[PDB]
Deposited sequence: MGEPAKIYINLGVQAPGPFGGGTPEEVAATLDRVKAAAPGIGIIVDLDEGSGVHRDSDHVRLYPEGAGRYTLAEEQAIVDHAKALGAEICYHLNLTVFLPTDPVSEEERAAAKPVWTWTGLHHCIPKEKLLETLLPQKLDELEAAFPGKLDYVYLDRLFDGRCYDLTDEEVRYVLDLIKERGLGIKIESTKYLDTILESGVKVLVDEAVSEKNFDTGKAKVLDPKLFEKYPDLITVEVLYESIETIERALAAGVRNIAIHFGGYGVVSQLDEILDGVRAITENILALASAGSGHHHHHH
């Protein structure tokens, strides 16, 4: 219920553009922690971008977990049928969808939730045993393949509660059902700016963490005024080292922001 501040670091593998090597990610996390040892860190893993090997992700997660950071991971569910096209009532069960790569057939909603989603979570826990804190379910909750019933949503939220995981959401479509099940939620930046506000902050304060892009004192002031109790603050930058420059500047500016707000509320 007391207000808490978190520093959000986006971590993706090197590509022609930005990203960061495992060594750069570890070096950045060490400097960020040294700059604000009293502020939590949330690592947004896997978010023209490169990809990590599994061993690289494991080394990154191990280093961040040892520092005490929380990890948000992209589950990256396969929701399109095993490329082999389908010819029967499976066609009636596989919703045809056109993406940037043409026609695809969604995996039947029953087979995904029953066997494929729990297996993906089991493979996830086997690779990062007890080291993940939030999971991203874009293709499941906000994809063009599935419209989950309220019963199916609670079944999913039960699958990640069993693994001790929260969820990072890109939309408010299932928000109220998310808090009702008592799962931790990480609200992405530009979710409302892309309607739900105060009521849940007063209802479930310790369940909601809102990620905001820092601009000025108004960023922290508006979040506190709206009732947010956990504010994950993302700074500018693209690669991990470029984010480090913005974070180190932002830690100094945010200290002045909180100090000025404290004198006004005194």
**Report entry** Ranges of the deposited sequence (numbered from 1) for which no C-alpha atom is modelled
**Finding:** 1 to 2, 50 to 65, 213 to 220, 293 to 299
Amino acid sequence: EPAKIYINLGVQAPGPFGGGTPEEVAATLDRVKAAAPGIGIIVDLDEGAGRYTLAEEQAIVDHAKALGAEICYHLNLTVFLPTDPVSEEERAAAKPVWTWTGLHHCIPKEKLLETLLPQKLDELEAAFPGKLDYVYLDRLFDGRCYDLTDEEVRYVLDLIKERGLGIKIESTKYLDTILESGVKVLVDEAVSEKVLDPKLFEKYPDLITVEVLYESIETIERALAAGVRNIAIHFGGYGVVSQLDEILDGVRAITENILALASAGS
From here on, numbers count along this sequence of modelled residues.
Query - Given 206 to 214 and 51 to 59, the range whose Cα B-factors average higher in the PDB entry - result: 206 to 214
Report summary line: Avg C-alpha B-factor, entry values, 24 to 32 vs 225 to 233, higher side is 225 to 233
**Report entry** Residue with maximal Cα B-factor (values as given in the PDB entry) among 121, 71, 86, 187
**Finding:** 86
Requested in this report: Could you look up the Cα B-factor of residue 128 in the entry and say which third of the chain it sits in: lowest, middle or highest?
Outcome: lowest
**Report entry** residue 37 - which third its CA temperature factor falls in, relative to the rest of the chain
**Finding:** lowest
**Report entry** Ranked against its chain, the third holding the CA B-factor of residue 3
**Finding:** highest
Report task. Ordered by C-alpha B-factor within the chain, which third holds residue 148? Give me lowest, middle or highest, please. Result -> highest
Query raised in the report: For residue 135, does the deposited CA B-factor place it in the lowest, middle or highest third of the chain?
Result: lowest
